[PDB]
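There is one chain below, alone, in structure tokens, taken in the form deposited in one PDB entry.
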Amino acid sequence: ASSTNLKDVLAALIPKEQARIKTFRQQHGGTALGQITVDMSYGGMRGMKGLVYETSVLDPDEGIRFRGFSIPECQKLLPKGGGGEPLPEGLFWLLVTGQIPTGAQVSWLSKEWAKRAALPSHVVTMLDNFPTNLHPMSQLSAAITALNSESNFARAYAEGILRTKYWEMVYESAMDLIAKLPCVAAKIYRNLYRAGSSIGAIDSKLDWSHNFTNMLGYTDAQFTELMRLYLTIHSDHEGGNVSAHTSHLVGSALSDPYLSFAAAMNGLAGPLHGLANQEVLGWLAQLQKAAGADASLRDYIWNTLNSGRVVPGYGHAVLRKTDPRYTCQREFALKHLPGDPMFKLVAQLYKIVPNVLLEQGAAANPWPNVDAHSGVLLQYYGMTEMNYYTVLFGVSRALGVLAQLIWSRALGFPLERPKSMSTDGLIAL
């Protein structure tokens, strides 16, 4: 009997995994997986195997994998709206479950996220009174924190539920949060950039991305395709990245999914992290201010470097090759906006930057990351408000971080609480 329900699937899946991690540990918990050095400690855990995070794994050479699904595999395997890009809905199923969803599963997420998309009065109010000089990421983060009012997990906890059921309430709050996100984000968009206009209604019959673009006010049929791709690729990037790790850390203390997501956003807002989005365009924007020669392009790069600044959109803590998320984006531009001068500049930079970065001899990875390519795509379609880009990153990232969050709690992962040391104490060790 019956029809589609992610929660039931999960109910079936949890005990097996539980069982599976127990024996593994019973046999191997004692096993040394690595060592910790002094440089690692001073170095931001660089190179330390610190967390279990199941939804995605980053290979330094190959790049991100969703099951063991690469981006190009996703692109072919995940259901599409009709009509060439993968629906972030399907990605979400994939991440949660480990399996490739059917079109019909996918429709279910769509409807589910449409049903759940509703904003409480206090939230709307706060967003409506925010100053226009308050950054969109700040606006977003405060809004999601303020939504915790509504937390199903925070409520069940307060009621004294057995730990065993945590995942259940986490799941509800995750689905709800993902559902609301586009409304919050679009409301910020509309307030800042389209004063006096309204986000309108969510239509149950559309996919999440399309409802988002409607609320954003974009009609271009290719913009919608761009959106689907964007929100899919920005999903997740393993556990060690600042935003995911923050959610993981905060979630471990049993703060609800809203609070943990919001802290994650404060992390995504940092220039070395998601804000790179924005930083890239601002830098391109300056570049152009000051059709240039490779030599003048190179002078420009050196001047940033010589000034004690980073070249945004290049480098990576883990990647050692060009990010497939970058390629992914380039391949979209080549199809759709090949003559765009911004695009051309970004293509040109790919020829120069890494070479300059190799010359300088500091960056361990001289190749571009996702952020070097995303804004150019947006700007083409009319979305030229750069300080907003990270908000989009923010919306996507919910998909991976919440998908894992549910597992953490299902698996009963404890408080994240490593040991710290001072220099004097290490000196003494």
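Between two forms, the rigid core is defined as the largest C-alpha subset superposing within 1.5 Å. All residue numbers refer to positions in the sequence shown, first residue = 1.
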Handout entry: Between neighbours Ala291 and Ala290, residues that the deposited sequence lists but the model omits
Key = 1 to 3
Completion exercise
Going from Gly82 to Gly83, the deposited residues skipped in the model number 1 to 3
Handout entry: Comparing 61-69 with 376-384, the one whose average Cα B-factor in the PDB entry is higher
Key = 61-69
Fill in the blank from the handout: Entry B factor averaged over C-alpha atoms, 14-22 against 409-417: higher for 14-22
Exercise for the section: Can you pull the Cα B-factors for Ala143, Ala179, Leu272, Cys328 from the entry and say which is highest? Expected result: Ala143
Completion exercise
The residue of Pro324, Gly98, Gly160, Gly315 with the maximal C-alpha B-factor according to the PDB record is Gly98
Exercise for the section: Comparing against every modelled residue in the chain, figure out the third that the C-alpha B-factor of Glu112 lands in (lowest, middle or highest). Expected result: lowest
Exercise for the section: Comparing against every modelled residue in the chain, figure out the third that the C-alpha B-factor of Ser422 lands in (lowest, middle or highest). Expected result: lowest
Completion exercise
Of the three thirds of Cα B-factor ranks in this chain, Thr125 occupies the highest
Exercise for the section: Quick one: classify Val184 as lowest, middle or highest third of the chain based on its Cα B-factor. Expected result: lowest
Practice task
Using the B-factors in the PDB entry, rank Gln27's C-alpha atom against the chain and give the third, lowest, middle or highest.
Solution key: highest
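If you look for the form deposited in another entry, you will not find it shown, but the lines that follow are about it.
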Handout entry: Which one of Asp207, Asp176, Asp323, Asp256, by Cα shift of 2 Å or more between this form and the one not shown, core superposed
Key = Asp323
Handout entry: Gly98 C-alpha relocation of at least 2 Å between this form and the one not shown, rigid core basis
Key = no
Exercise for the section: Kindly check if the Cα atom of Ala372 is displaced 2 angstroms or more between this form and the one not shown relative to the superposed rigid core. Expected result: yes
Handout entry: Is_shifted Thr232 between this form and the one not shown (CA, 2 Å cut-off, rigid core)
Key = no
